[PDB]
Structures are given as structure tokens and as C-alpha cells.
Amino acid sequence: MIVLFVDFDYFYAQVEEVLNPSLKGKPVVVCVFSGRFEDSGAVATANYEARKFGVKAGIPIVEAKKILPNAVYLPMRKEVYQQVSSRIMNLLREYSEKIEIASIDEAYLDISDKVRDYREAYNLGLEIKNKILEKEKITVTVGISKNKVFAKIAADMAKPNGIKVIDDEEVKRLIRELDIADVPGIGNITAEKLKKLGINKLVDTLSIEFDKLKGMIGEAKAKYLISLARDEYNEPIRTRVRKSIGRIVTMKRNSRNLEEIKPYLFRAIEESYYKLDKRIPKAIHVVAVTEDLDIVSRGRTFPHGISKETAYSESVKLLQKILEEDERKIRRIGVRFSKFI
């Protein structure tokens, strides 16, 4: 099985460039402004000029601007990149029927039934990198390997505007000399919970008793790492179905007062129902971010769909329940709708 992974390079910023080509060559930063105080927010992405100096996803804008004040700082037009992204994915749907669209900027492709070795898979990578560049003028990065995980690591090395093929002997090489935190799906809390037991690369998973490994990271992550270490990881390219729809907004002040929070929560419900797009949900979760930035949630399921007016009603009850059973102050309030019909 040969998986072709694609992921666009600094996606949000690049769109800003192809839409205003002068931004080229400068360090660019796409920001999410919350409104609390002007320049409160996070950095969605930054181009590799700006990324060179430490501007990365997830940093506060206030910490970005101290490092590059004369860099361009644009607000996010996700609305735009989404339409740009949808056009690119229709381009990939012509190179295989079996395609997983992993996110706004990512796709996996089952090319087992369209090429038969890696040389032609590599060439089909170039085939795709160019038809993107001509149609829509975007550079992307291509990973190639035997399953979704290793085509993802392939692409992470090749960024930016790069193409990479991971053959079966370097697969065996990487299991041996890939530092474990770089495996997709383990971040820093799990990353050193494996350093704390000496695991730095995938190989060492086989050389550790299973029960001690399971007892700490859980069963699913254990089989995940072990099967990856045995060259026995197989999960298929599946059409992704949205399971969750939601919106969450930052309030201008922290508050525990039910009726000042209400308009935001109401605004979040209206916007969430627009995005629902004729899919009727059965579950609603009122989710709040606290002052210390913990995430509290309360949910409810129904034997029937939820209507907008029913959603309004129960949301307040779930929001009520939140502050009854937790007494911090809320900063961002929002809703999530699950269990569609």
C-alpha cells in the first residue's frame, strides 16, 4: 500500500500572498484577534521568513509583535482560505477516488491502484505539485510511504516546497532513528512520559514490558506505538465525516454573571446553526474556557433532533450547570453540536 500525503506550506499566509502578491518576501503573520484588548489573540500561521525568527502557530500576537514589529500582521479570513482550500481538493479528487481530507490544508491519497512502485508515485507527486501551482498558484509538500503515519512524517521533513518518498528500508531506518516526539499524535505531555521511561525512538517500544507502557499512556496509544514499531500499522484512507460543529467566542471581560454571558452564548448558537447546513443534531455541548484556561463542558443528548429554539433553551441550563458545579470565571463561551441524523 502506497499513501500519498499532501499538506500546504504556511497555508493561511500563502493565500494572503497569491491574493496580494506584494506581501512576498516580507515576514507575514496571520492572526486571530479575540478583541479583549487590541492585539490579544494567537498566531494562526506565519510564513517561513517570519517562522525563521520564531513566529509559530499558537504564540500570542503580543509575543509575536515584540519579535517583528514591522512584519505584516493580517487578520484571518478563514472564509477565503476555505474556498481556496475546497478548490484545491477538487483537484486532488481527480488523482484518486479514495481520499481522506484530514484538515483545511491536508489530504491523504490511496494510490495503490494507480501506481505500482515509488518511482511513479514520486512522479505523480510532481504531477500534483505542478497542477496546484498552475491552477491556483500554491506550493505544497508531498509525503510518500506505506501508511498514513509515515507519509505524514515524510512530508514534515520535506517542508517547504518539497517532495519526499519513504521507502521500506528507510522506514526501518526511521523506526530506529526517529525521535519519538516527532511521531504524529504524541505531544509534550505524552512525549516525555516516554522519555521518563527512556523511550526516545519507536524501537524501544518493543523492548519495554507492555503492561507498564499501557498503564501510563493508555491502551490505544500503546498499540499505536507498538504496531508502528513492528511495521504493522494499517488504518485505511476513509472519507471523513464531520462529527462536530461549533463556535466559541472570547468575551470582553471575564464573568460569572449568567446574563452578561448570555448574548455571547446566544451569538454562538446562531452561528453554529448556520454552519450546521441541513444536518440536524441530537447532542449539544456548552463549553467554556476558564480564566486559568481549563476547559469545562456539560452536554445533553435527545431521542430527536434539536431545534434552534430548543438549543437556546437547554444551552442556558447547561451553562447554568457549569457555574453551579465550578466557580472560576469564564473567558470564552461556546457550543458544540454532535450526533447528527
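Sequential numbering from 1, following the sequence displayed.
As listed in the deposited structure, the average C-alpha B-factor of 222-230 and of 120-128 is greater for 120-128. Mean CA B-factor, 240-248 versus 160-168: the higher value falls on 160-168.
Note on the listed residues 184, 263, 215, 143: the highest Cα temperature factor in the record is that of 215. Set against one another, the Cα B-factors of 173, 152, 267, 87 in the record reach their highest point at 173. Among all modelled residues in this chain, the alpha-carbon of residue 271 has a temperature factor (C-alpha) in the lowest third. Among the modelled residues of its chain, residue 341 has a C-alpha B-factor that falls in the highest third, as given in the PDB entry.
For residue 33, the recorded CA temperature factor ranks within the lowest third of the chain's modelled residues. For residue 60, the recorded CA B-factor ranks within the middle third of the chain. Only modelled residues enter the ranking. Looking at the C-alpha B-factors along this chain, the one for residue 20 belongs to the highest third.
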